[PDB]
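Take a look at the structure below.
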Amino acid sequence: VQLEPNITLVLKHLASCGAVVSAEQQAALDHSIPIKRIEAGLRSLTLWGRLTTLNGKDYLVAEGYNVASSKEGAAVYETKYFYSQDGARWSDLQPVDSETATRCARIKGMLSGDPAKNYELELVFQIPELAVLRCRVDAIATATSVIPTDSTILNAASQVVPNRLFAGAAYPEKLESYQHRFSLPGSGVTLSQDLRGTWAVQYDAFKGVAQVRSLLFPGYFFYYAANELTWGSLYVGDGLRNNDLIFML
Amino acid sequence: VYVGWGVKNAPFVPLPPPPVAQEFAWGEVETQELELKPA
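Chains P and G are the protein sequences, given in the same order.
Reading the first sequence from the start, the letters are residues 2 to 123, 143 to 269 in the entry's author numbering.
Following the entry's author numbering, the numbering of the second sequence begins with 415 at its first residue and continues without gaps.
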């Protein structure tokens with residue numbers, strides 16, 4: 002039903018889950034997301050998350066994409082990322098290499114706020149902070165990106181477009197109602213073909229609102245409101261997955 | 415205020431198997447009679 006997720010709806014339904022943004026940043030996003038959207042040719046551009054830093058200048062990350070194609074048996078969304086320290090000005094978040102991401106994986110703890118820092122790894145290697153941030157963001161994006169099942173559909177020229185005749189996910193308190201965006205609409209792969217204990221779902225039937233929390237990445241939240249038929253996801257926290265998950269379950 | 419999962423950001427070390435006990439010391443030995451004076 003909805004064409005794009007609404008930022009105010011996301012912030013309103015994820016307020017309980019602890020995913021919040023400051024007042025100045027909220028207003029600045031409201032006034033600045035369209036400007037960056039139209040500066041590029043992106044049909045869509047929305048807030049992706051807010052990573053916490055050490056100095057106090059949190060990294061606001063937004064992602065956008067133009068068209069959604071299906072290629073090699075999957076939905077390949079060509080995305081572009083931007084970051085900022087304040088909601089006003091948006092800078093590009095450059096993609097990293099492969100070995101640079103492997104080295105990225107070895108930095109732990111929250112990255113500092115200054116994007117001019119350099120981390121030392123081991143023959144020594146210098147890792148810029150923006151590379152680490154992009155590595156973490158792409159890791160989280162690859163791991164968890166939820167949309168309700170069959171909320172999209174193929175079409176002529178084989179482009180994954182929204183499904184304007186979406187009836188609504190039946191039985192939305194179960195993981196069979198939600199799926200990763202990369203999964204093709206026709207295929208039956210959903211949020212239940214991954215590990216058995218890395219997703220939690222809460223459901224309010226009277227208000228008809230479902231909240232899906234990722235336990236592999238404890239900062240990823242998603243809402244699906246059935247009465248309005250509106251869904252949206254957010255990330256708040258540092259880009260670290262809890263490897264010690266089993267002892268937690 | 416505190417909002418969030420009730421976990422701590424310290425490095426977790428799961429408790430290894432408990433230690434095994436130790437048996438009695440060998441101050442517990444059999445005394446023996448003087449043997450002989452073999453020729």
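Ideal placement from N, C-alpha and C gives every residue a C-beta, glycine not left out.
Of the residues assessed, residue 9 of chain P falls on the exposed side of the cut-off, its CB having fewer than 16 other CB atoms within 10 angstroms. Between residue 56 of chain P and chain G, the shortest Cβ-Cβ separation is not below 9 Å. Annotation: the continuous beta strand (DSSP E) that includes residue 168 of chain P extends over 166–168. Residue 91 of chain P counts as buried, since no fewer than 16 other beta carbons sit within 10 angstroms of its beta carbon. Here the segment 107–119 of chain P makes no contact with the segment 192–200 of chain P; the two share fewer than three CB pairs at distances below 8 Å. Taking 9 Å as the Cβ-Cβ cut-off, the segment 428–449 of chain G approaches chain P at 428, given in chain order. Residues of the segment 227–255 of chain P with a C-beta less than 8 Å from any C-beta of chain G: 238, listed in chain order. Assignment of residue 31 of chain P by DSSP, reduced to helix, strand and coil, places it in the helix class. Contact note: residue 264 of chain P reaches chain G through 426, using a C-beta cutoff of 7 Å and chain order. In the DSSP assignment, residue 119 of chain P forms a beta bridge with P/148.
Contact of residue 186 of chain P with chain G is not assigned, every C-beta pair being separated by 9 Å or more.
By the Cβ-count criterion, residue 184 of chain P is exposed, with fewer than 16 other Cβ atoms from all chains shown falling within 10 Å of its own Cβ.
In the assembly as shown, residue 162 of chain P is an exposed residue. Its beta-carbon has fewer than 16 other beta-carbons within 10 Å.
Less than 9 Å separates the beta-carbon of residue 174 of chain P from that of residue 71 of chain P. Residue state for residue 203 of chain P is assigned as coil, using DSSP reduced to three classes. Here the segment 4–21 of chain P makes contact with the segment 35–54 of chain P; the two share three or more CB pairs at distances below 8 Å. At the C-beta level, residue 193 of chain P and residue 223 of chain P come within 9 Å of one another.
According to the DSSP assignment, residue 11 of chain P belongs to the alpha helix (DSSP H) that extends over 8–14. Per DSSP, reduced to three states, the secondary structure at residue 224 of chain P is strand. The C-alpha of residue 249 of chain P is placed about 47 Å away from the C-alpha of residue 146 of chain P.
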